[PDB]
$ cat structure.cif   # mmCIF, C-alpha atoms; chains and numbers go by the auth columns
data_start
#
loop_
_atom_site.group_PDB
_atom_site.id
_atom_site.type_symbol
_atom_site.label_atom_id
_atom_site.label_comp_id
_atom_site.label_asym_id
_atom_site.label_seq_id
_atom_site.Cartn_x
_atom_site.Cartn_y
_atom_site.Cartn_z
_atom_site.B_iso_or_equiv
_atom_site.auth_seq_id
_atom_site.auth_asym_id
ATOM 1 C CA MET A 1 -4.671 38.979 22.536 0.00 100 A
ATOM 2 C CA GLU A 2 -2.688 37.100 25.202 0.00 101 A
ATOM 3 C CA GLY A 3 -5.993 35.418 26.051 0.00 102 A
ATOM 4 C CA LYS A 4 -7.325 34.535 22.600 0.00 103 A
ATOM 5 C CA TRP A 5 -3.788 33.609 21.505 0.00 104 A
ATOM 6 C CA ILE A 6 -3.782 30.745 24.019 0.00 105 A
ATOM 7 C CA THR A 7 -7.213 29.364 23.096 0.00 106 A
ATOM 8 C CA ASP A 8 -6.401 29.638 19.378 0.00 107 A
ATOM 9 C CA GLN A 9 -3.226 27.632 19.936 0.00 108 A
ATOM 10 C CA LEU A 10 -5.404 24.904 21.433 0.00 109 A
ATOM 11 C CA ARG A 11 -7.924 25.240 18.593 0.00 110 A
ATOM 12 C CA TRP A 12 -5.083 24.794 16.117 0.00 111 A
ATOM 13 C CA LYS A 13 -3.851 21.790 18.112 0.00 112 A
ATOM 14 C CA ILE A 14 -7.306 20.174 17.986 0.00 113 A
ATOM 15 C CA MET A 15 -7.685 20.946 14.278 0.00 114 A
ATOM 16 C CA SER A 16 -4.174 19.654 13.565 0.00 115 A
ATOM 17 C CA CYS A 17 -4.886 16.463 15.523 0.00 116 A
ATOM 18 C CA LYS A 18 -8.191 15.976 13.704 0.00 117 A
ATOM 19 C CA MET A 19 -6.363 16.446 10.401 0.00 118 A
ATOM 20 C CA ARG A 20 -3.918 13.798 11.626 0.00 119 A
ATOM 21 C CA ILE A 21 -6.688 11.413 12.690 0.00 120 A
ATOM 22 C CA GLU A 22 -8.206 11.826 9.228 0.00 121 A
ATOM 23 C CA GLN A 23 -4.743 11.039 7.868 0.00 122 A
ATOM 24 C CA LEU A 24 -4.085 8.038 10.131 0.00 123 A
ATOM 25 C CA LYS A 25 -7.540 6.538 9.544 0.00 124 A
ATOM 26 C CA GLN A 26 -6.896 6.787 5.799 0.00 125 A
ATOM 27 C CA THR A 27 -3.360 5.446 6.280 0.00 126 A
ATOM 28 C CA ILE A 28 -4.798 2.429 8.087 0.00 127 A
ATOM 29 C CA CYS A 29 -7.430 1.947 5.380 0.00 128 A
ATOM 30 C CA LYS A 30 -4.689 2.128 2.740 0.00 129 A
ATOM 31 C CA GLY A 31 -2.468 -0.222 4.742 0.00 130 A
ATOM 32 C CA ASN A 32 -5.334 -2.663 5.234 0.00 131 A
ATOM 33 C CA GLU A 33 -6.373 -2.616 1.573 0.00 132 A
ATOM 34 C CA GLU A 34 -2.754 -3.161 0.540 0.00 133 A
ATOM 35 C CA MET A 35 -2.440 -6.021 3.034 0.00 134 A
ATOM 36 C CA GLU A 36 -5.773 -7.564 2.007 0.00 135 A
ATOM 37 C CA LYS A 37 -4.785 -7.421 -1.664 0.00 136 A
ATOM 38 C CA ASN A 38 -1.349 -8.848 -0.857 0.00 137 A
ATOM 39 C CA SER A 39 -2.972 -11.620 1.171 0.00 138 A
ATOM 40 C CA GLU A 40 -5.271 -12.532 -1.720 0.00 139 A
ATOM 41 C CA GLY A 41 -2.294 -12.428 -4.072 0.00 140 A
ATOM 42 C CA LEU A 42 -0.205 -14.622 -1.771 0.00 141 A
ATOM 43 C CA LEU A 43 -3.025 -17.166 -1.502 0.00 142 A
ATOM 44 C CA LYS A 44 -3.387 -17.270 -5.290 0.00 143 A
ATOM 45 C CA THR A 45 0.386 -17.639 -5.643 0.00 144 A
ATOM 46 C CA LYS A 46 0.533 -20.524 -3.165 0.00 145 A
ATOM 47 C CA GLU A 47 -2.318 -22.164 -5.095 0.00 146 A
ATOM 48 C CA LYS A 48 -0.438 -21.634 -8.362 0.00 147 A
ATOM 49 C CA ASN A 49 2.753 -22.983 -6.789 0.00 148 A
ATOM 50 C CA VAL B 1 -0.394 -2.816 10.379 0.00 201 B
ATOM 51 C CA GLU B 2 3.076 -1.908 9.111 0.00 202 B
ATOM 52 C CA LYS B 3 4.463 -5.029 10.795 0.00 203 B
ATOM 53 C CA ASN B 4 1.770 -7.246 9.259 0.00 204 B
ATOM 54 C CA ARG B 5 2.212 -5.541 5.884 0.00 205 B
ATOM 55 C CA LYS B 6 5.977 -6.122 6.028 0.00 206 B
ATOM 56 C CA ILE B 7 5.553 -9.778 7.041 0.00 207 B
ATOM 57 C CA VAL B 8 3.004 -10.469 4.293 0.00 208 B
ATOM 58 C CA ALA B 9 5.139 -8.602 1.757 0.00 209 B
ATOM 59 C CA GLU B 10 8.070 -10.884 2.574 0.00 210 B
ATOM 60 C CA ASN B 11 5.796 -13.934 2.306 0.00 211 B
ATOM 61 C CA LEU B 12 4.535 -12.846 -1.116 0.00 212 B
ATOM 62 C CA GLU B 13 8.087 -12.060 -2.236 0.00 213 B
ATOM 63 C CA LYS B 14 9.534 -15.360 -0.994 0.00 214 B
ATOM 64 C CA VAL B 15 6.647 -17.416 -2.393 0.00 215 B
ATOM 65 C CA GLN B 16 6.923 -15.663 -5.751 0.00 216 B
ATOM 66 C CA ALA B 17 10.681 -16.288 -5.606 0.00 217 B
ATOM 67 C CA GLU B 18 9.886 -20.002 -5.712 0.00 218 B
ATOM 68 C CA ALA B 19 7.406 -19.393 -8.540 0.00 219 B
ATOM 69 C CA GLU B 20 10.103 -17.783 -10.685 0.00 220 B
ATOM 70 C CA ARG B 21 12.574 -20.549 -9.815 0.00 221 B
ATOM 71 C CA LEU B 22 10.041 -23.168 -10.909 0.00 222 B
ATOM 72 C CA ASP B 23 9.551 -21.097 -14.047 0.00 223 B
ATOM 73 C CA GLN B 24 13.248 -21.519 -14.830 0.00 224 B
ATOM 74 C CA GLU B 25 12.978 -25.240 -14.061 0.00 225 B
ATOM 75 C CA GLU B 26 9.884 -25.711 -16.229 0.00 226 B
ATOM 76 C CA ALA B 27 11.609 -23.679 -18.938 0.00 227 B
ATOM 77 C CA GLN B 28 14.540 -26.078 -18.594 0.00 228 B
ATOM 78 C CA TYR B 29 12.270 -29.124 -18.774 0.00 229 B
ATOM 79 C CA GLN B 30 10.923 -27.765 -22.059 0.00 230 B
ATOM 80 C CA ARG B 31 14.417 -26.994 -23.347 0.00 231 B
ATOM 81 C CA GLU B 32 15.582 -30.539 -22.571 0.00 232 B
ATOM 82 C CA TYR B 33 12.352 -32.308 -23.547 0.00 233 B
ATOM 83 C CA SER B 34 12.473 -30.481 -26.884 0.00 234 B
ATOM 84 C CA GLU B 35 15.828 -32.155 -27.466 0.00 235 B
ATOM 85 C CA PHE B 36 14.521 -35.602 -26.513 0.00 236 B
ATOM 86 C CA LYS B 37 11.521 -34.946 -28.760 0.00 237 B
ATOM 87 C CA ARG B 38 13.802 -34.016 -31.655 0.00 238 B
ATOM 88 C CA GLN B 39 15.653 -37.312 -31.246 0.00 239 B
ATOM 89 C CA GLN B 40 12.436 -39.312 -30.839 0.00 240 B
ATOM 90 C CA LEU B 41 10.977 -37.789 -34.011 0.00 241 B
ATOM 91 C CA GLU B 42 14.022 -39.099 -35.885 0.00 242 B
ATOM 92 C CA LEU B 43 14.072 -42.578 -34.339 0.00 243 B
ATOM 93 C CA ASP B 44 10.428 -42.974 -35.342 0.00 244 B
ATOM 94 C CA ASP B 45 11.370 -42.126 -38.925 0.00 245 B
ATOM 95 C CA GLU B 46 14.385 -44.443 -38.824 0.00 246 B
ATOM 96 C CA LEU B 47 12.186 -47.218 -37.450 0.00 247 B
ATOM 97 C CA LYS B 48 9.633 -46.703 -40.207 0.00 248 B
ATOM 98 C CA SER B 49 12.394 -46.393 -42.810 0.00 249 B
ATOM 99 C CA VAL B 50 14.189 -49.544 -41.642 0.00 250 B
#
$ encode --input "structure.cif" --output "structure tokens"
Amino acid sequence: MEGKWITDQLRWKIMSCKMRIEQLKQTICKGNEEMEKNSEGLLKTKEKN
Amino acid sequence: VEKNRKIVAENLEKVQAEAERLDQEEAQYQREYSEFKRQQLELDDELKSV
């Protein structure tokens, strides 16, 4: 067990990190889409102004 | 991206802040112009009556 226990900790670390990359990539997509929308809204508002 | 988002959010907010101010001004122009129109619509009837 003291052997597998160490490699499974690493496996969980990799899987956790991958789950966080999946999260961060989505967070960046969300952040970008919010920024892109806000940029298009700002442009329209300046035009309106 | 958070920094850019925050900066753009402030830009949108501050630009829209001017939009709502101009809305109050345009609303005031209407409120005042409506009064000048009321007077004008009487002077035209006084002119025609006289």
$ interface_residues --input "structure.cif" --of "chain A" --to "chain B" --cutoff "12 Å" --atoms "only C-alpha atoms" --output "list in words"
residues 123, 124, 126, 127, 128, 129, 130, 131, 132, 133, 134, 135, 136, 137, 138, 139, 140, 141, 142, 143, 144, 145, 146, 147 and 148 of chain A
$ axis_aligned_box --input "structure.cif" --around "segment 107-111 of chain A" --padding-each-side "8 Å" --output "JSON"
{"center_x": -5.6, "center_y": 27.2, "center_z": 18.8, "size_x": 20.7, "size_y": 20.8, "size_z": 21.3}
$ atom_distance --input "structure.cif" --atom1 "atom CA of residue 106 of chain A" --atom2 "atom CA of residue 121 of chain A"
22.4 Å
$ atom_distance --input "structure.cif" --atom1 "atom CA of residue 231 of chain B" --atom2 "atom CA of residue 246 of chain B"
23.3 Å
$ atom_distance --input "structure.cif" --atom1 "atom CA of residue 232 of chain B" --atom2 "atom CA of residue 250 of chain B"
27.0 Å
$ decode --input "structure.cif" --residues "chain A" --atoms "N, CA and C atoms" --output "PDB file, in the first residue's frame"
ATOM      1  N   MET A 100       0.825  -1.201   0.000  1.00  0.00           N
ATOM      2  CA  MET A 100       0.000   0.000   0.000  1.00  0.00           C
ATOM      3  C   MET A 100       0.861   1.254   0.000  1.00  0.00           C
ATOM      4  N   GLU A 101       1.878   1.300   0.864  1.00  0.00           N
ATOM      5  CA  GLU A 101       2.787   2.443   0.909  1.00  0.00           C
ATOM      6  C   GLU A 101       3.412   2.764  -0.444  1.00  0.00           C
ATOM      7  N   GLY A 102       3.341   1.853  -1.407  1.00  0.00           N
ATOM      8  CA  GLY A 102       3.836   2.139  -2.735  1.00  0.00           C
ATOM      9  C   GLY A 102       2.725   2.731  -3.578  1.00  0.00           C
ATOM     10  N   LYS A 103       1.643   1.971  -3.757  1.00  0.00           N
ATOM     11  CA  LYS A 103       0.500   2.448  -4.534  1.00  0.00           C
ATOM     12  C   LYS A 103      -0.049   3.761  -3.980  1.00  0.00           C
ATOM     13  N   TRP A 104      -0.059   3.908  -2.657  1.00  0.00           N
ATOM     14  CA  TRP A 104      -0.569   5.123  -2.029  1.00  0.00           C
ATOM     15  C   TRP A 104       0.150   6.367  -2.537  1.00  0.00           C
ATOM     16  N   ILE A 105       1.444   6.256  -2.834  1.00  0.00           N
ATOM     17  CA  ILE A 105       2.188   7.411  -3.327  1.00  0.00           C
ATOM     18  C   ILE A 105       1.845   7.711  -4.782  1.00  0.00           C
ATOM     19  N   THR A 106       1.823   6.687  -5.636  1.00  0.00           N
ATOM     20  CA  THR A 106       1.448   6.904  -7.033  1.00  0.00           C
ATOM     21  C   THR A 106      -0.006   7.342  -7.189  1.00  0.00           C
ATOM     22  N   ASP A 107      -0.910   6.874  -6.324  1.00  0.00           N
ATOM     23  CA  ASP A 107      -2.292   7.334  -6.417  1.00  0.00           C
ATOM     24  C   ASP A 107      -2.449   8.767  -5.940  1.00  0.00           C
ATOM     25  N   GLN A 108      -1.611   9.219  -5.008  1.00  0.00           N
ATOM     26  CA  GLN A 108      -1.614  10.638  -4.673  1.00  0.00           C
ATOM     27  C   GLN A 108      -1.267  11.467  -5.899  1.00  0.00           C
ATOM     28  N   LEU A 109      -0.206  11.078  -6.607  1.00  0.00           N
ATOM     29  CA  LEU A 109       0.154  11.763  -7.841  1.00  0.00           C
ATOM     30  C   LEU A 109      -0.980  11.697  -8.855  1.00  0.00           C
ATOM     31  N   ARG A 110      -1.547  10.506  -9.069  1.00  0.00           N
ATOM     32  CA  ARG A 110      -2.661  10.377 -10.005  1.00  0.00           C
ATOM     33  C   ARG A 110      -3.795  11.323  -9.644  1.00  0.00           C
ATOM     34  N   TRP A 111      -4.106  11.438  -8.356  1.00  0.00           N
ATOM     35  CA  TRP A 111      -5.136  12.378  -7.937  1.00  0.00           C
ATOM     36  C   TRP A 111      -4.697  13.815  -8.183  1.00  0.00           C
ATOM     37  N   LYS A 112      -3.409  14.108  -7.997  1.00  0.00           N
ATOM     38  CA  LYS A 112      -2.905  15.447  -8.284  1.00  0.00           C
ATOM     39  C   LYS A 112      -3.057  15.784  -9.763  1.00  0.00           C
ATOM     40  N   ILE A 113      -2.660  14.863 -10.645  1.00  0.00           N
ATOM     41  CA  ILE A 113      -2.830  15.077 -12.082  1.00  0.00           C
ATOM     42  C   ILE A 113      -4.301  15.274 -12.422  1.00  0.00           C
ATOM     43  N   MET A 114      -5.159  14.375 -11.939  1.00  0.00           N
ATOM     44  CA  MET A 114      -6.584  14.470 -12.236  1.00  0.00           C
ATOM     45  C   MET A 114      -7.184  15.757 -11.685  1.00  0.00           C
ATOM     46  N   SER A 115      -6.792  16.146 -10.473  1.00  0.00           N
ATOM     47  CA  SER A 115      -7.239  17.419  -9.917  1.00  0.00           C
ATOM     48  C   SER A 115      -6.787  18.588 -10.783  1.00  0.00           C
ATOM     49  N   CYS A 116      -5.509  18.598 -11.169  1.00  0.00           N
ATOM     50  CA  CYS A 116      -4.996  19.658 -12.032  1.00  0.00           C
ATOM     51  C   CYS A 116      -5.729  19.699 -13.365  1.00  0.00           C
ATOM     52  N   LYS A 117      -5.958  18.539 -13.979  1.00  0.00           N
ATOM     53  CA  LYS A 117      -6.709  18.510 -15.229  1.00  0.00           C
ATOM     54  C   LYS A 117      -8.118  19.054 -15.030  1.00  0.00           C
ATOM     55  N   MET A 118      -8.767  18.689 -13.924  1.00  0.00           N
ATOM     56  CA  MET A 118     -10.071  19.263 -13.614  1.00  0.00           C
ATOM     57  C   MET A 118      -9.980  20.766 -13.399  1.00  0.00           C
ATOM     58  N   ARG A 119      -8.829  21.259 -12.939  1.00  0.00           N
ATOM     59  CA  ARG A 119      -8.658  22.699 -12.785  1.00  0.00           C
ATOM     60  C   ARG A 119      -8.312  23.371 -14.103  1.00  0.00           C
ATOM     61  N   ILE A 120      -7.586  22.692 -14.990  1.00  0.00           N
ATOM     62  CA  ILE A 120      -7.342  23.256 -16.312  1.00  0.00           C
ATOM     63  C   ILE A 120      -8.658  23.375 -17.066  1.00  0.00           C
ATOM     64  N   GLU A 121      -9.472  22.320 -17.016  1.00  0.00           N
ATOM     65  CA  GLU A 121     -10.801  22.360 -17.614  1.00  0.00           C
ATOM     66  C   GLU A 121     -11.599  23.530 -17.059  1.00  0.00           C
ATOM     67  N   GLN A 122     -11.457  23.783 -15.760  1.00  0.00           N
ATOM     68  CA  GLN A 122     -12.144  24.895 -15.118  1.00  0.00           C
ATOM     69  C   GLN A 122     -11.583  26.234 -15.578  1.00  0.00           C
ATOM     70  N   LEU A 123     -10.257  26.384 -15.559  1.00  0.00           N
ATOM     71  CA  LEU A 123      -9.637  27.650 -15.941  1.00  0.00           C
ATOM     72  C   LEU A 123      -9.870  27.972 -17.411  1.00  0.00           C
ATOM     73  N   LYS A 124      -9.747  26.981 -18.292  1.00  0.00           N
ATOM     74  CA  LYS A 124     -10.031  27.211 -19.707  1.00  0.00           C
ATOM     75  C   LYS A 124     -11.458  27.709 -19.900  1.00  0.00           C
ATOM     76  N   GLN A 125     -12.416  27.103 -19.198  1.00  0.00           N
ATOM     77  CA  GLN A 125     -13.794  27.579 -19.250  1.00  0.00           C
ATOM     78  C   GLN A 125     -13.922  28.958 -18.618  1.00  0.00           C
ATOM     79  N   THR A 126     -13.222  29.192 -17.507  1.00  0.00           N
ATOM     80  CA  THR A 126     -13.256  30.502 -16.863  1.00  0.00           C
ATOM     81  C   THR A 126     -12.726  31.583 -17.793  1.00  0.00           C
ATOM     82  N   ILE A 127     -11.697  31.263 -18.573  1.00  0.00           N
ATOM     83  CA  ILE A 127     -11.166  32.231 -19.523  1.00  0.00           C
ATOM     84  C   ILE A 127     -12.148  32.437 -20.665  1.00  0.00           C
ATOM     85  N   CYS A 128     -12.743  31.354 -21.166  1.00  0.00           N
ATOM     86  CA  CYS A 128     -13.775  31.482 -22.191  1.00  0.00           C
ATOM     87  C   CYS A 128     -14.913  32.370 -21.704  1.00  0.00           C
ATOM     88  N   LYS A 129     -15.422  32.086 -20.506  1.00  0.00           N
ATOM     89  CA  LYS A 129     -16.467  32.905 -19.899  1.00  0.00           C
ATOM     90  C   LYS A 129     -16.016  34.355 -19.768  1.00  0.00           C
ATOM     91  N   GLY A 130     -14.820  34.568 -19.219  1.00  0.00           N
ATOM     92  CA  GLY A 130     -14.302  35.919 -19.065  1.00  0.00           C
ATOM     93  C   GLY A 130     -14.161  36.639 -20.391  1.00  0.00           C
ATOM     94  N   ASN A 131     -13.687  35.929 -21.411  1.00  0.00           N
ATOM     95  CA  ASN A 131     -13.550  36.513 -22.738  1.00  0.00           C
ATOM     96  C   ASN A 131     -14.909  36.844 -23.337  1.00  0.00           C
ATOM     97  N   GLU A 132     -15.861  35.912 -23.267  1.00  0.00           N
ATOM     98  CA  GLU A 132     -17.182  36.189 -23.825  1.00  0.00           C
ATOM     99  C   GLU A 132     -17.867  37.337 -23.096  1.00  0.00           C
ATOM    100  N   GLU A 133     -17.675  37.435 -21.780  1.00  0.00           N
ATOM    101  CA  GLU A 133     -18.224  38.574 -21.053  1.00  0.00           C
ATOM    102  C   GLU A 133     -17.548  39.871 -21.476  1.00  0.00           C
ATOM    103  N   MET A 134     -16.228  39.836 -21.650  1.00  0.00           N
ATOM    104  CA  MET A 134     -15.493  41.018 -22.086  1.00  0.00           C
ATOM    105  C   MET A 134     -15.859  41.404 -23.513  1.00  0.00           C
ATOM    106  N   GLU A 135     -15.943  40.425 -24.414  1.00  0.00           N
ATOM    107  CA  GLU A 135     -16.324  40.706 -25.795  1.00  0.00           C
ATOM    108  C   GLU A 135     -17.709  41.335 -25.864  1.00  0.00           C
ATOM    109  N   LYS A 136     -18.669  40.763 -25.140  1.00  0.00           N
ATOM    110  CA  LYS A 136     -20.010  41.336 -25.092  1.00  0.00           C
ATOM    111  C   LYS A 136     -19.972  42.748 -24.524  1.00  0.00           C
ATOM    112  N   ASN A 137     -19.244  42.937 -23.423  1.00  0.00           N
ATOM    113  CA  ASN A 137     -19.137  44.259 -22.815  1.00  0.00           C
ATOM    114  C   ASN A 137     -18.457  45.246 -23.751  1.00  0.00           C
ATOM    115  N   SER A 138     -17.484  44.783 -24.532  1.00  0.00           N
ATOM    116  CA  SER A 138     -16.846  45.670 -25.496  1.00  0.00           C
ATOM    117  C   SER A 138     -17.824  46.078 -26.589  1.00  0.00           C
ATOM    118  N   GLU A 139     -18.625  45.132 -27.083  1.00  0.00           N
ATOM    119  CA  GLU A 139     -19.606  45.471 -28.107  1.00  0.00           C
ATOM    120  C   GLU A 139     -20.682  46.386 -27.541  1.00  0.00           C
ATOM    121  N   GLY A 140     -21.043  46.184 -26.274  1.00  0.00           N
ATOM    122  CA  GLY A 140     -22.008  47.061 -25.636  1.00  0.00           C
ATOM    123  C   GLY A 140     -21.461  48.460 -25.437  1.00  0.00           C
ATOM    124  N   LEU A 141     -20.206  48.559 -24.994  1.00  0.00           N
ATOM    125  CA  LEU A 141     -19.558  49.854 -24.817  1.00  0.00           C
ATOM    126  C   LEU A 141     -19.489  50.615 -26.134  1.00  0.00           C
ATOM    127  N   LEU A 142     -19.078  49.938 -27.205  1.00  0.00           N
ATOM    128  CA  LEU A 142     -19.018  50.576 -28.517  1.00  0.00           C
ATOM    129  C   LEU A 142     -20.384  51.112 -28.926  1.00  0.00           C
ATOM    130  N   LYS A 143     -21.420  50.281 -28.814  1.00  0.00           N
ATOM    131  CA  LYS A 143     -22.776  50.735 -29.106  1.00  0.00           C
ATOM    132  C   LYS A 143     -23.184  51.908 -28.224  1.00  0.00           C
ATOM    133  N   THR A 144     -22.782  51.901 -26.952  1.00  0.00           N
ATOM    134  CA  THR A 144     -23.159  53.002 -26.071  1.00  0.00           C
ATOM    135  C   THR A 144     -22.432  54.288 -26.440  1.00  0.00           C
ATOM    136  N   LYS A 145     -21.146  54.201 -26.780  1.00  0.00           N
ATOM    137  CA  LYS A 145     -20.439  55.383 -27.262  1.00  0.00           C
ATOM    138  C   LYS A 145     -21.095  55.931 -28.523  1.00  0.00           C
ATOM    139  N   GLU A 146     -21.476  55.043 -29.444  1.00  0.00           N
ATOM    140  CA  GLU A 146     -22.168  55.462 -30.660  1.00  0.00           C
ATOM    141  C   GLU A 146     -23.475  56.167 -30.326  1.00  0.00           C
ATOM    142  N   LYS A 147     -24.257  55.575 -29.425  1.00  0.00           N
ATOM    143  CA  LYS A 147     -25.500  56.188 -28.969  1.00  0.00           C
ATOM    144  C   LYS A 147     -25.232  57.541 -28.325  1.00  0.00           C
ATOM    145  N   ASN A 148     -24.202  57.614 -27.482  1.00  0.00           N
ATOM    146  CA  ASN A 148     -23.868  58.868 -26.817  1.00  0.00           C
ATOM    147  C   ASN A 148     -23.500  59.949 -27.827  1.00  0.00           C
TER     148      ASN A 148
END
